[PDB]
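Visitor: Structure below; questions to follow.
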Amino acid sequence: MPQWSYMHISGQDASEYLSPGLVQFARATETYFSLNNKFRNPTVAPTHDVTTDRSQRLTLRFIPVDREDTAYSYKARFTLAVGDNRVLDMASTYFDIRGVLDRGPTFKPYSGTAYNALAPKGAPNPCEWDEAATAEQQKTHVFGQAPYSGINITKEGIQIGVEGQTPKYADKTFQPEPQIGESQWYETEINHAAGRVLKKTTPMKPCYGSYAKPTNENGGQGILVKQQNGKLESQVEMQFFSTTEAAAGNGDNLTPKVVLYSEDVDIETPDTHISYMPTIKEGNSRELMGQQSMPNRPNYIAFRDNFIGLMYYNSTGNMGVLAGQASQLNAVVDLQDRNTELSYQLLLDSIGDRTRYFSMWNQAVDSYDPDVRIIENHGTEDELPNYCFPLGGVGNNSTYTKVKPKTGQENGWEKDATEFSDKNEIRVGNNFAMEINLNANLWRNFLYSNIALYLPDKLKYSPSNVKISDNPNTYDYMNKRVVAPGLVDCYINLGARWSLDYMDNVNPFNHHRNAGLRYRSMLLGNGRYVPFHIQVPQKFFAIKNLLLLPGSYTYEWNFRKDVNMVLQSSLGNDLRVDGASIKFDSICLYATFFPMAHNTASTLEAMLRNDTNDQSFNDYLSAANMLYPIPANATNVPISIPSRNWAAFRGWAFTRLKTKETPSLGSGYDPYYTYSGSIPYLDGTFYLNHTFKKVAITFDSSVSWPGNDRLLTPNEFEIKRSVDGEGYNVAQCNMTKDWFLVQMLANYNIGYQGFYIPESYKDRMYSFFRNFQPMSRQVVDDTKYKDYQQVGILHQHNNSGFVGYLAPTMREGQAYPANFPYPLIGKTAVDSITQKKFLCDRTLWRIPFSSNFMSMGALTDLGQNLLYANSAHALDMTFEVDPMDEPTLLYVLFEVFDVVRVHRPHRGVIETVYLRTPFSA
Amino acid sequence: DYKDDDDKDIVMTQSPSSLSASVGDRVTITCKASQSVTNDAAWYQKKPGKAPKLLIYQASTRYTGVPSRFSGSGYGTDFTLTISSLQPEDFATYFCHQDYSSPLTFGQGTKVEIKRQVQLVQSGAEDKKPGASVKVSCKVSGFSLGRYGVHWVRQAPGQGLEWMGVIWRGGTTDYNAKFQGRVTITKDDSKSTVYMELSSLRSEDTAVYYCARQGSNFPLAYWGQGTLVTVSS
């Protein structure tokens, strides 16, 4: 058009329509006087060869041809139809799955309780009980409250108002209401009081956590009884009371000063349990008024990160299928040495930022609070005392009469009751008050909630007079096991940055502060009954990015139903036993097509059917996976590979797993899998890297690798050393110079020209430095401190008289000088030793098969050298690790090439050539 | 209607005015206060030369070293002083007194005529012309001025006893409004002396001026020697 080019909507850029001398001038003055923003530059979209003009759907929905179901799986068959002059990117495809989910009775997406949270945890509800008479003869005792002040009390109840001349009485079904009482702080004469009380027939439960559903629209909870005529009727019964002194009188003066509305209710404790059960005897009693409640542990339950586990991968028995209708041959070739899920995890990390959540794919990385993993104990800022005061601001007082002086005398005084009251309330001295250390309490609560309750089960004990399951994998067991707060109190490693030794080997991601798991639990909702509707992506490396040319194709895949696989819980309890169930109602397949111009689509199809233009992909992980059993408490882990070809071997990577948290894939269903926590093998939530000591690599036999006198200790890879006489540790921890150098080179190629912090983009979530956490602390020297004394938790007393004894129960004992912990600071500091260690979560240990350990090219220089390229070699690796009281696994990834070439010669045909070297099929 | 008006002078009305008596006779004097003083009535005996002597206090209590023949009675508004049997040493002029309220007030004083340790020392007497001022001293011994306040009273010829003011233990002064702020009382604790300064003298201020001190729980009981101040044109 004419005016567009003039107004620079269209036309040429500023560099082209301006004076050449001015453009030259602008380039010269750019650095100190830019003129770019002064002149418009047009941007024009192409008008032809891009988009079609005929009617064309952007999204196709395919309902499955055939669906089969077992108890633990279900396979769906789709006929993916790519029409002519249409082009489909498999990245734009996903399965739309809908069903009903039941997370079960162990799902608790919150801490604390929903009911009477502010109530003191030992305070009972207004209750009654039968008790031995003793002056069988029994009598009923009442313990209650009467907050409502009424007009009068007759046999018709408490008078709550008047309707002209008629007195109005409380509707027993909901009046008086328990949340109503006096509106002023100071005392008043209440000659006609009323309240509600629970009958002796209703079990005794502490107020904290008490819930009784309502039986009427006005909030009444009185259980209704079905009468003969078939109508429901209230069983609320009135109980009148007067003072014992008043009942001593003859009787004519006898009148009730209190009326309690006694009722039965369906009490329950949905989200709390009993922390102190005084007696095993069942039935209401005065003793049972002392039982204390405690909120049930939080247990978030959701679908896994990136919907890990929903789709079968790397399972020969349940292999996905993509094929052309014509050719019966399948394009998918899956192996059990492949790890598709973990590959997708690390791939996603390499591409983008895993800290960001994307609801569609359940893309929310598993994580843990850093201040929970490593405790950084600064103590508390409690310099100022904190006080609570009387609601009146004064407290108890005495009554005083005013007096006035005899103004003509030295010290004469006279009563003055004419103008002033003789009962004036005055308190002499400071007001009444109580004291609390708020920050100390908050710190203590944090430690007990996030750390103490997660200690290994060997440090807990079974509650007294409370039934508990026999299965340690159940929520009931994890919830009722008692941990004493003194194990993780305010004074733990005070002033150190130090993770508890007992917690190092505990999966930090099985925690209620796992932000990712929590987000994925709340994406479903806050209830256990959840109708869900989700989108599941294709992760197999050969397909997920394939560009499918016209033709029809069978796309068939298998899916899991195992709650322990498809669901994830923060506590890891066995969701099979704990009542979780899932049902997949329907499934569809959605494919998004570029509305490509038909001439362009045909030309591109033609170009892509040629041999030279076969599409090629490879697994990001690019490794063959091997798991070697490490029996309990074993430190030496020997493994050997028979003589074979190593051409293109890229290197080793390894970490350590727990057999409990690692399911046996390929079987289709693991009957011995009793765990619903994170699965590091799949999601990359590794956390046992610190338990490695050293690795010995021996090619063939007697040939050490890398040898050549390279390392400070050349025969073996020394990861960490306990007290190095040589002084080969680094970075103020127990890691070796050799190992640190190797890892820095493997991850960033830094070692040889100085050590520094890698660039952020190079140091990602699963990188080494990002997760490298060295730590040190001091501890009493039991040999050199002459006054040492071993005082277990049973006889430690710090904050005695203000905390519970060995339980999260109530205040107990007396004030007394502490006997624990030993002071490591100040004039009286004890002789101390120093312990160094480190943590390295999420990352993998890397030994690249490179001459200088660097990354100069995927195909390592050693992967090409003559020795390993034109000969066969057997391998013998020996890992020395820290002992652990349960079976573990050595996870070794043999870094190789895992490539696939994909050829589409004709419409509806698809051929694939798979190669993985070293370690071929 | 009926409410004892405080912050208003309490007048002690003494009856009769004069009396003639013989040794052995019984004498009775009465005092009527403008308002109740509970039981804060005291009777003093004064002879021309000597200073006042406390006889009765709190209506019915005999001060220390007072013969048995003296007795007091009454409460509120009415009080009575009776001598059961006169004796030549008792011929003097007796004064009603109240310290329930400030200003302290005495009665007009009755005249008994015939029919046929703690120490306070004042400065010397003096005299001056109208319109001028005086400063009188009162050296104290036997007690601390931080424990007691010192009052100043005067007796004008042919008149009763006039309470002038007081300086209390804490230094707070209280003056008789009758003097229109002419009186100013000071004290030096170091020198243990009390000063009383009167201004704008008039010929009617010709009087004896007495330094005085009360007890912890009984009225004025310790007096100075008296200082005669004369004023004439």
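Labels used: A, B, ... for chains in the order of the structure tokens, numbers from 1 for residues in each chain, and numbers from 1 for ligands as shown.
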Set the cut-off to 8 Å and count only C-alpha atoms: what are the residues of chain A that reach chain B? Output as a list in words.
Guide: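 So the residues of chain A near chain B are residues 406, 407, 408, 409, 410, 411 and 412 of chain A.
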Visitor: Taking N, CA and C atoms for each residue, export the selection above as a compact mmCIF listing (two decimals), in the first residue's frame.
Guide:
```
# COMPACT_ATOMS: atom_id res chain seq x y z
N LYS A 406 -7.31 15.46 108.49
CA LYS A 406 -7.66 16.59 109.34
C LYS A 406 -6.60 17.65 109.11
N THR A 407 -6.94 18.66 108.30
CA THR A 407 -5.96 19.61 107.79
C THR A 407 -5.28 20.43 108.87
N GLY A 408 -5.76 20.38 110.11
CA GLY A 408 -5.14 21.10 111.21
C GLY A 408 -4.28 20.26 112.12
N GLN A 409 -4.04 19.00 111.79
CA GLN A 409 -3.32 18.08 112.66
C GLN A 409 -2.11 17.50 111.94
N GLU A 410 -1.16 17.00 112.73
CA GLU A 410 0.06 16.43 112.18
C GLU A 410 -0.25 15.20 111.34
N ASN A 411 -1.04 14.27 111.87
CA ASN A 411 -1.32 13.02 111.19
C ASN A 411 -2.70 12.51 111.62
N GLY A 412 -3.72 13.33 111.42
CA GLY A 412 -5.10 12.96 111.71
C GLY A 412 -5.86 12.64 110.45
```
Visitor: What parts of range 64-204 of chain B does DSSP call helix (DSSP H, G or I)? I'd like the answer as a PyMOL selection string.
Guide: chain B and resi 88-90+177-179+203-204
Visitor: With only C-alpha atoms as the counted atoms, please give the residues lying no more than 9 Å from residue 665 in chain A, apart from itself and same-chain residues fewer than 6 positions off, as a list in words.
Guide: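 In the requested format, the answer is residues 312, 313, 314, 315 and 336 of chain A.
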Visitor: With N, CA and C atoms retained, could you export that selection as a PDB file, in the first residue's frame?
Guide:
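Result file follows (out_12.pdb):
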```
ATOM      1  N   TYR A 312       3.284 -47.062  31.387  1.00  0.00           N
ATOM      2  CA  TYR A 312       4.336 -48.068  31.400  1.00  0.00           C
ATOM      3  C   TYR A 312       5.472 -47.659  30.473  1.00  0.00           C
ATOM      4  N   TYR A 313       6.693 -47.672  30.999  1.00  0.00           N
ATOM      5  CA  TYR A 313       7.891 -47.484  30.197  1.00  0.00           C
ATOM      6  C   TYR A 313       8.917 -48.534  30.586  1.00  0.00           C
ATOM      7  N   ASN A 314       9.720 -48.945  29.606  1.00  0.00           N
ATOM      8  CA  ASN A 314      10.856 -49.828  29.850  1.00  0.00           C
ATOM      9  C   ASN A 314      10.416 -51.161  30.449  1.00  0.00           C
ATOM     10  N   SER A 315       9.176 -51.564  30.175  1.00  0.00           N
ATOM     11  CA  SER A 315       8.629 -52.835  30.643  1.00  0.00           C
ATOM     12  C   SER A 315       8.309 -53.686  29.422  1.00  0.00           C
ATOM     13  N   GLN A 336      14.657 -52.719  29.192  1.00  0.00           N
ATOM     14  CA  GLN A 336      14.627 -52.595  30.643  1.00  0.00           C
ATOM     15  C   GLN A 336      15.852 -51.881  31.194  1.00  0.00           C
TER      16      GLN A 336
END
```
Visitor: Rounded to one decimal place, report the CA of residue 667 in chain A-CA of residue 560 in chain A distance in Å.
Guide: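 CA of residue 667 in chain A sits 12.0 Å away from CA of residue 560 in chain A.
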Visitor: Determine, counting only C-alpha atoms, which protein, DNA and RNA residues have an atom within 7 Å of an atom of residue 195 in chain B; residues of the same chain fewer than 3 positions away are not included. Present the result as an MDAnalysis selection string.
Guide: chainID B and resid 135:138 185:187
Visitor: Could the residues in this selection be written to a file with C-alpha atoms, as an mmCIF file, in the first residue's frame?
Guide:
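The new file result.cif reads:
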```cif
data_model
loop_
_atom_site.group_PDB
_atom_site.id
_atom_site.type_symbol
_atom_site.label_atom_id
_atom_site.label_comp_id
_atom_site.auth_asym_id
_atom_site.auth_seq_id
_atom_site.Cartn_x
_atom_site.Cartn_y
_atom_site.Cartn_z
ATOM 1 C CA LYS B 135 10.712 38.646 111.014
ATOM 2 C CA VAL B 136 10.632 36.473 114.139
ATOM 3 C CA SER B 137 12.821 33.437 114.782
ATOM 4 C CA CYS B 138 12.128 30.171 116.598
ATOM 5 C CA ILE B 185 6.605 31.151 107.223
ATOM 6 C CA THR B 186 9.986 29.626 106.366
ATOM 7 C CA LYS B 187 12.433 27.275 108.054
#
```
Visitor: For residue 403 in chain A, work out the shell of residues within 8 Å, counting only C-alpha atoms and skipping chain neighbours fewer than 5 positions away, then give it as a count of residues only.
Guide: 5
Visitor: Rounded to one decimal, what separation in Å do you get between CA of residue 221 in chain B and CA of residue 96 in chain B?
Guide: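 Interatomic distance, CA of residue 221 in chain B to CA of residue 96 in chain B: 14.0 Å.
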Visitor: Would you work out the distance separating CA of residue 776 in chain A from CA of residue 886 in chain A, expressed in Å to one decimal?
Guide: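 Result for CA of residue 776 in chain A versus CA of residue 886 in chain A: 26.5 Å, one decimal.
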Visitor: Check range 367-565 of chain A with DSSP on the backbone and list each residue it calls strand (DSSP E), as a VMD selection string.
Guide: chain A and resid 375 to 376 386 to 388 398 to 400 403 to 405 413 to 415 424 to 426 434 to 436 497 to 498 529 to 537 547 to 548 551 to 560
Visitor: Identify which of the residues A:679, A:548, A:892, A:503 lies closest to residue 652 in chain A, counting only C-alpha atoms when measuring atom-to-atom distances.
Guide: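 Comparing A:679, A:548, A:892, A:503 against residue 652 in chain A, the winner is A:892.
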Visitor: Within 10 Å of residue 68 in chain A, counting only C-alpha atoms, which residues qualify if same-chain residues fewer than 6 places away don't, as a list in words?
Guide: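 Final neighbour list, sorted by chain and number: residues 74, 75, 76, 77 and 558 of chain A.
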Visitor: For the residues in that selection, give me C-alpha atoms as a PDB file, in the first residue's frame.
Guide:
```pdb
ATOM      1  CA  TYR A  74      -5.398 -50.953  31.424  1.00  0.00           C
ATOM      2  CA  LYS A  75      -4.360 -50.602  27.775  1.00  0.00           C
ATOM      3  CA  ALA A  76      -5.976 -48.245  25.260  1.00  0.00           C
ATOM      4  CA  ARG A  77      -5.846 -48.538  21.464  1.00  0.00           C
ATOM      5  CA  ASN A 558      -0.612 -49.414  28.720  1.00  0.00           C
TER       6      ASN A 558
END
```
Visitor: Can you pull out every residue within 12 Å of range 75-85 of chain B, counting only C-alpha atoms, but drop anything in the same chain fewer than 4 positions away, and send it as an NGL selection string?
Guide: :B and (4 or 10-16 or 21-45 or 55-62 or 66-71 or 89-91 or 94-98 or 100 or 107 or 110 or 112)
